Amino acid sequence: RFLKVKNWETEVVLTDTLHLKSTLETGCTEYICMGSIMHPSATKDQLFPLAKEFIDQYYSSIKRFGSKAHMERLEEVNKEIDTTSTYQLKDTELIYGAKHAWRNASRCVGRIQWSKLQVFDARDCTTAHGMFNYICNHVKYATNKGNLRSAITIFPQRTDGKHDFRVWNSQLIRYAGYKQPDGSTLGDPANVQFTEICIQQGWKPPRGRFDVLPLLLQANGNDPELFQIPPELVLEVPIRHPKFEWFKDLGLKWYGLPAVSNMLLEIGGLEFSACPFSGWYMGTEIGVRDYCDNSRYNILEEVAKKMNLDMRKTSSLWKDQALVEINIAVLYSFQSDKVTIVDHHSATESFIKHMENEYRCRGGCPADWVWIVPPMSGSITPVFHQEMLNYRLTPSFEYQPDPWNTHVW
Amino acid sequence: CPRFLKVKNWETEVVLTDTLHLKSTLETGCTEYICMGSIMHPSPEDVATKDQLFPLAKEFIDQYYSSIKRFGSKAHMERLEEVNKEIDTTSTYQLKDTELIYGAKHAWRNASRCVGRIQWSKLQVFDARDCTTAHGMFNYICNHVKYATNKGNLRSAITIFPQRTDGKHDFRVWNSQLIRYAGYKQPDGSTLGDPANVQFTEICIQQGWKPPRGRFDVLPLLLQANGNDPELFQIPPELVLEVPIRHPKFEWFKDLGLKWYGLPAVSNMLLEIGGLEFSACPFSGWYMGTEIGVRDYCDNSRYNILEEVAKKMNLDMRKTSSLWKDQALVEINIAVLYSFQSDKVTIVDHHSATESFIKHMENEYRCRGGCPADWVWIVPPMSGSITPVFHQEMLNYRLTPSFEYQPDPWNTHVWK
Ligand code: HEM
Ligand code: HEM
Ligand SMILES: Cc1cc(CCNCc2ccc3c(C)cc(N)nc3c2)ccc1C#N
Ligand SMILES: Cc1cc(CCNCc2ccc3c(C)cc(N)nc3c2)ccc1C#N
Ligand SMILES: C[C@H](O)[C@H](O)[C@H]1CNc2nc(N)[nH]c(=O)c2N1
Ligand SMILES: C[C@H](O)[C@H](O)[C@H]1CNc2nc(N)[nH]c(=O)c2N1
Ligand SMILES: [Zn+2]
């Protein structure tokens, strides 16, 4: 049946039909909802339907469904899956595929941009060195001197499982994390393991806070190799505060380019285990999560101290005050250095606009309320009051296991 | 189906194991192909049938005697055969006082959207099943409010009116809360008071209420007994504890002229125990600050004060990226907590409350094998990720006894 979703602030009601075309499972059941579980729940005969479905979908998009080309392209794909146990996507299909994985990303508040995506075909890559080269080109293009641009670079699809391409970094640019003799942590705690894997491999670490990690690239299922990103390609922003002159002293900085490199892109039955993609930052990702999470840089106490705040009882909301200041700083800083960034008010407004567009032109838009609502000031953004349906459309970005758990050196 | 289910806390890596979900009863609205976790209510005046009723009653009795370590006892079987006969000969049955108190506490304990459940076992239950008139209802309700309020040291309580019978004799509180402020739509198009209550206010005025037409007017009680038209009663003002809102630092904050009531008491939900439906069951607890400070005060379709507070804070309001809305939000929520604490009216901040719930949830997993929670509701409307629940995986499912939603009575009521 058609489903209706309502905004409770504006009483706008949209009708969702698109959900009827999903085929992947969500993890919920009639009796249990798992909407807050982070990660819930081929062969040639498995492959051809998955393949057929995506091609039908592709030619449907270009309004040439059932055409000569379409008939023939299907013939070509089956024949290929027989004779080669797989198949290869056309360039046009590849671009269509990557843009719609973004469009189908239920957790991404930024999807108003989904069709402005630069797609870098790297399926001819054969070595970690080749990988390093394609990645430097990606970073240079995406960073673009501060005027950031959305891109993805796509390495060869998975074959037999043992000749797999993987960027071992979770992001191309991340800060190192070191575990002190103290039991304390220097830098980013999120990356303590990975930083140790790099050190074991030969990386001589600066053992400072914000040390850019090297790349760890695995090509065709071989051991990963270390590479230094040329420092001139790594754009960073020193965080300062428009009113608090002492905020300079905290010594904080973050990188400009958010580039997830550990997810898996699935198009037409094919699995791209190496497909780093990038956009630009919503301020809260840095100012709330990276800086203020307890398992991360955890700066609230330090900042609230410098603000001379009363910190003895929780009901002074001292944590809440310090939080808004830190995020004011992040936004002020990026903006001053002409580095692209977005605040959560503007981002969430844009996503509501995006939702309207998609309900109008597509009959729905999969959305994960848990992930779309910003981690601060939730109910004073429009998405808090917006009902969303979540469901799983393909092509898509999927999670995959960490490489160090599967790889035998 | 899987017997065991794991949930993880991504801040502390603590993993819990849920078995209780196996006793889930009703639909969530979600399927395997779609999740409706952010839908507010995922969806005739007729009643349960004999055959529908025994298993609902049997399930609840078994559950009750298992709770008091007397499962399989002669008392258990005597209760089963007694209830069975009552149903077979009168098409319904009556709960013992002990079963009704058990049932009520457990409906709270099962409420997946409630963050305050650590208190579930301390709940004063008022049995009002002997009530027959609206005047009687008003009397029962006044005693509830007085007891719960307790001069500011609030105590949670529920008053339970007679259960449903044929569905033409329902008892209903028409108010959505026992205590709320009126909303008045101007010809201007503007709204005086609380816009959320504009419809119910128009019903009261139509029924005969003489509105003061001010910003914070306490609404009359509109009470229906035994299927009859509802009747207006004014709550004695000395029973309505209120708190003026001031700010520890900004001396001008009082000039805003804000106040809120101390006692949150919900009166439009249906309580369901062993297949019986109590359509009138007002229950009350005490506030978490964000409820007033964020939703009541700053929601755009509510009192919507963020701009005015900003202006007096002398904040740059030309760009959203100044986060002026965010700065003012926090200060508003500070004032609210400051005011209630000063007037010694019970209230809990969102940090304490969520931390307590995490503890409650863990205990529930160990002693009960689960604790249904609704993440979308449990996480507070401001400062989400800096509270522990943000990072906590939750399973949501419906256990009975339960508090449910029900249609507004004016949409249904056949007027005598
Ligand atoms: C262009 C500006 C963009 C903005 C402002 C944006 C914003 C966001 C934010 C705030 C999140 C939540 C991240 C978190 O809290 O962990 C997210 C998630 C996500 N984004 Fe976007 N994004 C952008 C571009 C892109 C692009 C170019 C792609 C892919 C081509 C993409 C795909 C995704 C996916 C798959 C997730 C979910 C990640 C996960 O499940 O772990 N986004 N985005
Ligand atoms: C004693 C302190 C209590 C606190 C701090 C508390 C806190 C809360 C909060 C903050 C909500 C979210 C409501 C909203 O945002 O609109 C909620 C929901 C709820 N609470 Fe509690 N509560 C308390 C007592 C109780 C009691 C005594 C009961 C029942 C016996 C109860 C049952 C519920 C139910 C059924 C909901 C869901 C409301 C709905 O679905 O509309 N609570 N609670
Ligand atoms: C397993 C896991 C996974 C993730 C995924 C985090 N993804 C962050 C992300 C991913 C992509 C982004 C993109 C594409 C743009 C942007 N501005 N921010 C982005 C932020 C986070 C925490 C955990 C954990 N634990
Ligand atoms: C349909 C609807 C329903 C509700 C119900 C809100 N119930 C709020 C509530 C209910 C019970 C509480 C209790 C028992 C204690 C407390 N501190 N706060 C409580 C708050 C709110 C908004 C909408 C809307 N739209
Ligand atoms: C348990 C819960 O799923 C987890 O903490 C989620 C909640 N929502 C989130 N939302 C965003 N945008 N990013 C996140 O990492 C998370 N984490
Ligand atoms: C669309 C969404 O379900 C709705 O706005 C919810 C979100 N979470 C909430 N959480 C609480 N505690 N109270 C609410 O009213 C809401 N509203
Ligand atoms: Zn669900």
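What separates the Cα centres of region B:313-373 and region B:384-416 is a distance of 20 Å. Rounded to the nearest 0.05, the FRET efficiency derived from the C-beta distance between B:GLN207 and B:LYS151 at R0 = 25 Å is 0.20. Above 13 Å, the calculated P(r) of region B:13-87 contains 78 percent of its Cα-Cα pairs. Quick one: if the Förster radius is 25 Å, what FRET efficiency do B:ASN411 and B:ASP127 give, using the C-beta to C-beta distance and rounding to 0.05? My answer for the efficiency is 0.30. Between A:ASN298 and B:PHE71, take the C-beta separation as r, use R0 = 51 Å, and let me know the FRET efficiency to the nearest 0.05. It comes out at approximately 0.55. Sorted fewest first by neighbouring Cβ atoms within 10 angstrom, B:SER73, A:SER273 come out as B:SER73, A:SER273.
Within region B:214-237, find all residues whose amide N lies under 17 Å from a label point positioned 7 Å from the Cα of B:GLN199 along Cα-to-beta-carbon. Under cut-off, by backbone N: B:222. Evaluated at q = 0.17, 0.19, 0.21 Å⁻¹, the base-10 log of the normalised Debye intensity for region A:94-201, with identical point scatterers placed on the Cα atoms, takes the values -1.03, -1.15, -1.23.
In this label model, B:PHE216 and B:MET313 are separated by 2.1 nm, measuring between points 7 Å along each Cα→Cβ vector. Within the straight-line cut-off of under 18 Å between alpha carbons, the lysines reachable from A:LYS319 are A:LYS305, A:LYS306, B:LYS249, B:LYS325, sequence neighbours fewer than 8 places apart in one chain being disregarded. Inter-chain neighbour count for B:375-382: the average number of beta-carbon atoms from partner chains within 10 Å of each residue's beta-carbon is 5. What is the order of A:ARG296, A:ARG107, fewest Cβ neighbours within 10 Å to most? If I rank by nearby Cβ atoms, fewest first, I get A:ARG107, A:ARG296. From the largest down, chain B spans 72, 59, 43 angstrom on the principal axes of its Cα atoms.
Per-residue mean of foreign Cβ neighbours for A:11-20 is 1 (Cβ atoms of other chains, 10 Å radius).
Counting only residues at least eight positions apart within a chain, or on another chain, the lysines with an alpha carbon under 28 Å from that of B:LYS74 are B:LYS23, B:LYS50, B:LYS58, B:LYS85, B:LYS96, B:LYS105. Backbone phi angles across region B:295-308, fed through the Karplus curve with coefficients 6.51, -1.76 and 1.60 (θ = phi - 60°), yield HN-Hα couplings of 7, 4, 8, 10, 3, 5, 8, 10, 6, 6, 8, 3, 4, 4 Hz in residue order; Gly and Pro are listed as x.
Full extension of the chain between A:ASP402 and A:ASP82 yields a length gain of 112.1 nm, computed as 0.36 nm times the residue separation minus the alpha carbon distance.
Around the Cα centre of chain A, unit charges on the Cβ atoms of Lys, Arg, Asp and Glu (plus for the first two, minus for the last two) sum to a dipole of about 740 debye. In the protein assembly as shown, a dipole from Cβ-located charges (positive for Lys and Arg, negative for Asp and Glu) runs towards its positive end, and of B:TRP209, A:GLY27, A:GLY208 it is A:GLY208 whose Cα lies farthest in that direction.
Straight-line reach from A:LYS79: taking Cα to Cα under 29 Å and skipping same-chain neighbours fewer than 8 places apart, the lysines in range are A:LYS21, A:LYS44, A:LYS52, A:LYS63, A:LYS68, A:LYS90, A:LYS99, A:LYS162.
This ranking places A:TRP280, B:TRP410 by how few other beta-carbon atoms lie within 10 Å of each, fewest first, which gives B:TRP410, A:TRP280. In region B:165-250, one over the average inverse separation of all distinct C-alpha pairs is 14.5 Å, which is the Kirkwood hydrodynamic radius. Only the Cβ atoms of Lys and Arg (+1) and of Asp and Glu (-1) were treated as charged; on that basis the dipole of region B:32-135 about its Cα centre amounts to roughly 660 debye. With the gyration tensor restricted to C-alpha atoms of region A:294-393, the semi-axes of the equivalent ellipsoid amount to 33, 17, 11 Å, longest first. DSSP beta bridges confined to the protein assembly as shown are antiparallel in about 85 percent of cases. Taking only the alpha-carbon positions of region B:1-132 and ignoring solvent, what does the Debye formula give for the base-10 log of I(q)/I(0) at q = 0.18 Å⁻¹? The Debye formula, applied to the Cα set alone, gives -1.36. Here region B:34-107 and region A:232-305 have alpha carbon centers that stand 53 Å from each other.
Label 7 Å along Cα→Cβ of B:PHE54; region B:83-101 residues with amide nitrogen under 17 Å? Zone members listed by number: B:83-94.
For neighbour counting, all protein chains shown are included, and Cβ atoms are generated from backbone atoms with ideal geometry for every residue, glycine included. FYI, it's all coordinate maths here, none of it is from the lab.
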